[PDB]
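Colleague: This structure is in structure tokens; I'll ask about it shortly.
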Amino acid sequence: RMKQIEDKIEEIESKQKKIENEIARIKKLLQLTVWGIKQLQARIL
Amino acid sequence: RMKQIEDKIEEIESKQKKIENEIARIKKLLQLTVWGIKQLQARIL
Amino acid sequence: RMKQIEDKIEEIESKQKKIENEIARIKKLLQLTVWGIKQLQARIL
């Protein structure tokens, strides 16, 4: 039972890391879009 | 105690799934904004 | 062992809350970019 719990915890932590990676990927792309909007606005103004 | 731990684990996994859903929703909207920026830039150029 | 598991669970839940905060931050910024795109498109049209 202890080993089952330990395995379950490792699984959850692995999923958490996957989620963290996805968040990092979204942040990077979101930063590119912010930059793109700034450039387009500067042209429009 | 085993049952309490099992319940706690299910709760955590449920929250993880909720988080995964939110990430998926953000990715979809972010994709729309990327497309919108591409169309606006093409008009500006 | 029970205490180790309890500590591990608290750690995981704390990370989950951190993730939730980051998601909330991304959503807010994404909302600003959606608004910016709407304003730029209205000028272009």
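By convention in this document, the chains of the structure tokens carry letters A, B, ... by their order, each chain's residues are numbered from 1, and ligands are numbered from 1 in the order they are shown.
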Listing only residues of chain B within 12 Å of range 16-35 of chain C, what is the closest atom pair and its distance in Å (to one decimal) for each, using only C-alpha atoms, sorted by chain and residue number ascending, as CSV?
Modeller:
residue,atom,partner,partner_atom,distance
B:11,CA,C:16,CA,11.6
B:12,CA,C:16,CA,8.4
B:13,CA,C:16,CA,10.4
B:14,CA,C:16,CA,11.3
B:15,CA,C:16,CA,8.0
B:16,CA,C:16,CA,7.7
B:17,CA,C:16,CA,11.2
B:18,CA,C:20,CA,9.9
B:19,CA,C:20,CA,7.2
B:20,CA,C:23,CA,10.4
B:21,CA,C:23,CA,11.1
B:22,CA,C:23,CA,7.8
B:23,CA,C:23,CA,7.5
B:24,CA,C:23,CA,11.1
B:25,CA,C:27,CA,9.8
B:26,CA,C:27,CA,7.1
B:27,CA,C:30,CA,10.2
B:28,CA,C:30,CA,11.3
B:29,CA,C:30,CA,8.3
B:30,CA,C:30,CA,7.2
B:31,CA,C:30,CA,10.9
B:32,CA,C:34,CA,9.1
B:33,CA,C:34,CA,6.5
B:34,CA,C:34,CA,10.0
B:35,CA,C:34,CA,11.4
B:36,CA,C:34,CA,9.1
B:37,CA,C:34,CA,9.9
Colleague: Store the residues of this selection in a file with N, CA, C and O atoms, as a compact mmCIF listing (two decimals), in the first residue's frame.
Modeller:
# COMPACT_ATOMS: atom_id res chain seq x y z
N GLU B 11 -9.38 13.81 -5.20
CA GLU B 11 -9.63 15.26 -5.21
C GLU B 11 -8.56 16.00 -6.01
O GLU B 11 -8.86 16.91 -6.80
N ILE B 12 -7.30 15.62 -5.77
CA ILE B 12 -6.17 16.26 -6.43
C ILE B 12 -6.22 15.98 -7.92
O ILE B 12 -6.03 16.89 -8.73
N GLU B 13 -6.51 14.73 -8.29
CA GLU B 13 -6.62 14.35 -9.69
C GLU B 13 -7.76 15.07 -10.38
O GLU B 13 -7.64 15.43 -11.55
N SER B 14 -8.85 15.32 -9.66
CA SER B 14 -9.99 16.05 -10.22
C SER B 14 -9.64 17.50 -10.49
O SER B 14 -10.03 18.05 -11.53
N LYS B 15 -8.91 18.12 -9.57
CA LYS B 15 -8.41 19.47 -9.75
C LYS B 15 -7.44 19.55 -10.93
O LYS B 15 -7.50 20.50 -11.72
N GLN B 16 -6.57 18.55 -11.06
CA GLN B 16 -5.64 18.46 -12.19
C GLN B 16 -6.38 18.43 -13.52
O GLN B 16 -5.96 19.10 -14.47
N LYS B 17 -7.47 17.67 -13.60
CA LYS B 17 -8.28 17.60 -14.81
C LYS B 17 -8.94 18.94 -15.14
O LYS B 17 -8.99 19.35 -16.32
N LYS B 18 -9.43 19.63 -14.11
CA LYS B 18 -9.99 20.97 -14.22
C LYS B 18 -8.95 21.92 -14.81
O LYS B 18 -9.25 22.69 -15.72
N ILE B 19 -7.73 21.86 -14.27
CA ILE B 19 -6.62 22.68 -14.75
C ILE B 19 -6.31 22.37 -16.21
O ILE B 19 -6.10 23.29 -17.02
N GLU B 20 -6.27 21.08 -16.56
CA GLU B 20 -6.03 20.66 -17.93
C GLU B 20 -7.08 21.23 -18.88
O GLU B 20 -6.74 21.63 -20.00
N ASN B 21 -8.34 21.28 -18.43
CA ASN B 21 -9.43 21.81 -19.25
C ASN B 21 -9.25 23.30 -19.49
O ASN B 21 -9.46 23.77 -20.62
N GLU B 22 -8.86 24.03 -18.45
CA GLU B 22 -8.63 25.47 -18.52
C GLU B 22 -7.49 25.75 -19.49
O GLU B 22 -7.59 26.68 -20.31
N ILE B 23 -6.42 24.97 -19.41
CA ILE B 23 -5.27 25.11 -20.31
C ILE B 23 -5.71 24.91 -21.75
O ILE B 23 -5.32 25.69 -22.63
N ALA B 24 -6.52 23.90 -22.01
CA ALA B 24 -7.04 23.61 -23.34
C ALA B 24 -7.87 24.79 -23.86
O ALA B 24 -7.74 25.17 -25.04
N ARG B 25 -8.65 25.41 -22.97
CA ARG B 25 -9.51 26.54 -23.33
C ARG B 25 -8.64 27.75 -23.69
O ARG B 25 -8.90 28.47 -24.68
N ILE B 26 -7.60 27.98 -22.91
CA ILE B 26 -6.67 29.09 -23.15
C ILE B 26 -5.96 28.88 -24.47
O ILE B 26 -5.83 29.81 -25.26
N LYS B 27 -5.52 27.66 -24.75
CA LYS B 27 -4.82 27.40 -25.99
C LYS B 27 -5.72 27.68 -27.18
O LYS B 27 -5.25 28.25 -28.17
N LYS B 28 -6.99 27.33 -27.09
CA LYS B 28 -7.89 27.53 -28.22
C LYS B 28 -8.07 29.02 -28.50
O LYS B 28 -8.02 29.46 -29.67
N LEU B 29 -8.22 29.80 -27.45
CA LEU B 29 -8.47 31.22 -27.61
C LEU B 29 -7.21 31.89 -28.10
O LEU B 29 -7.27 32.78 -28.97
N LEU B 30 -6.07 31.47 -27.56
CA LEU B 30 -4.78 32.01 -27.97
C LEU B 30 -4.59 31.75 -29.46
O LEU B 30 -4.13 32.65 -30.20
N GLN B 31 -4.98 30.58 -29.96
CA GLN B 31 -4.91 30.29 -31.38
C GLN B 31 -5.75 31.24 -32.22
O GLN B 31 -5.33 31.65 -33.29
N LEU B 32 -6.93 31.59 -31.72
CA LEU B 32 -7.74 32.58 -32.43
C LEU B 32 -7.07 33.91 -32.47
O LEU B 32 -7.12 34.58 -33.51
N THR B 33 -6.41 34.30 -31.38
CA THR B 33 -5.78 35.63 -31.41
C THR B 33 -4.58 35.65 -32.36
O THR B 33 -4.32 36.65 -33.03
N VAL B 34 -3.84 34.54 -32.45
CA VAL B 34 -2.72 34.45 -33.37
C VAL B 34 -3.23 34.63 -34.80
O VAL B 34 -2.64 35.37 -35.61
N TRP B 35 -4.31 33.93 -35.14
CA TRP B 35 -4.92 34.06 -36.44
C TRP B 35 -5.35 35.51 -36.67
O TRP B 35 -5.13 36.03 -37.77
N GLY B 36 -5.98 36.15 -35.68
CA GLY B 36 -6.44 37.54 -35.87
C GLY B 36 -5.27 38.46 -36.15
O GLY B 36 -5.34 39.30 -37.04
N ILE B 37 -4.18 38.30 -35.42
CA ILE B 37 -2.99 39.12 -35.63
C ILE B 37 -2.45 38.89 -37.05
O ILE B 37 -2.05 39.86 -37.71
Colleague: Quote the spacing between CA of residue 40 in chain A and CA of residue 41 in chain B in Å to one decimal place.
Modeller: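 Those two atoms sit 6.7 Å apart.
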